[PDB]
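Only one chain comes next, encoded as structure tokens, the form deposited in one PDB entry.
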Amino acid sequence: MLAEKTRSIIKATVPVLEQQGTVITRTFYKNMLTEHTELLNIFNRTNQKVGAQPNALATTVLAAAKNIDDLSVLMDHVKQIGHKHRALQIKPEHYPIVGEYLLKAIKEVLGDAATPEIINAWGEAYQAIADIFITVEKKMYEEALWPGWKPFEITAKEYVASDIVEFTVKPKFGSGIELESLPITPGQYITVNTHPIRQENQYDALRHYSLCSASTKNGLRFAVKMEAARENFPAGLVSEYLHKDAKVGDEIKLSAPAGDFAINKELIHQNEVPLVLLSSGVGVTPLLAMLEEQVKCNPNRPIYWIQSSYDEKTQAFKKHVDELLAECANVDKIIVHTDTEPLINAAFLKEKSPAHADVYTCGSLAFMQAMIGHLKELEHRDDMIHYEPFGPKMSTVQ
């Protein structure tokens, strides 16, 4: 696709963009977001100042630029980003805006070093990259269980731990969504479009929340941890909104189930390769959904439930989990309270799970980082390790 003249330039100018990453990406958001202010209905301003989004330009540009020789090596991450982008209603028309400001950023930072051929080459590289995304995302759009945001009604609010509530939600009249006959794969998340009233907030806020169950008869269920303030910065915007302000009976807007996180359907129906469900904190949520599937499809499979939380009180889904585990032939229930016990290490996973195992893991950015490292050392095949981070996945690879 991209030419070697214009491909050489790209390789040759990665050292500058890698070194000037933070500045460019800061310039990019400052400009783009104060020109197109409506975009603040999509981008979460807090991502830039907290998690993995200060080097995100330099994450997604260094990745591209470094892999410019062969872009297909990133295809897995593109597909995962895709689910998020479609979930978030990112459309072909958004892409040029990004590209336009990406070049404008570089020009501002590099000055006369960013020559017309340098700019040109990136302009080119960009559309090539964007074209892969638009195409991946188009297929996802035509395959979603329903188009865009649709109004749902909050039919129940229940604490399933001291600071995690579970919302059960039902589609409103004329949303055109019949609850039963919505095929959900356990491990998919939905995405909400809220508009918080606190903290001087003026725009929409979009967040993915993993479904607790693939069963839809009584509504869709998701569970939200309260990201509190404590002694430092402010509370998480939507988690506080949901917890404090979303009342049962209120409307909420959701987009269709997204995501790649799913258990291996071939290994469900056998008893030789055990299923390992490895979770921290609210991360337990898609795993609960996955557990419910295994228990219902085949309860003879060996299951290892490895749930970590701070407390018994902060331990999510105690009733729910017990009840499902009671139904299986051979389980090992492993509950880690980090107020009493050490964090999960490789040593721990060796002793507590089998050497050959079909493993699924979920929780914070940091919990993933750790778990993937541990399982790699114990030499679990990559095919056997699967994970879904509760932040940006482009920063939980390499």
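Each form is matched to the other, and the largest set of C-alpha atoms that superpose within 1.5 Å is called the rigid core. Don't overthink the numbering: it's just position in the shown sequence, from 1.
FYI, the form deposited in another entry isn't displayed, but the following is about it.
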Checklist entry - If you fit the rigid core between this form and the one not shown, which of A58, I372, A357, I344 ends up with a C-alpha shift of 2 Å or more? => result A58
Item to check | After fitting the core, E108 CA displacement of 2 Å or more between this form and the one not shown | outcome: yes
Checklist entry - Is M384 among the residues whose Cα moves by 2 Å or more between this form and the one not shown after superposition of the rigid core? => result no
Checklist entry - For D332, is the CA shift between this form and the one not shown at least 2 Å following rigid-core superposition? => result no
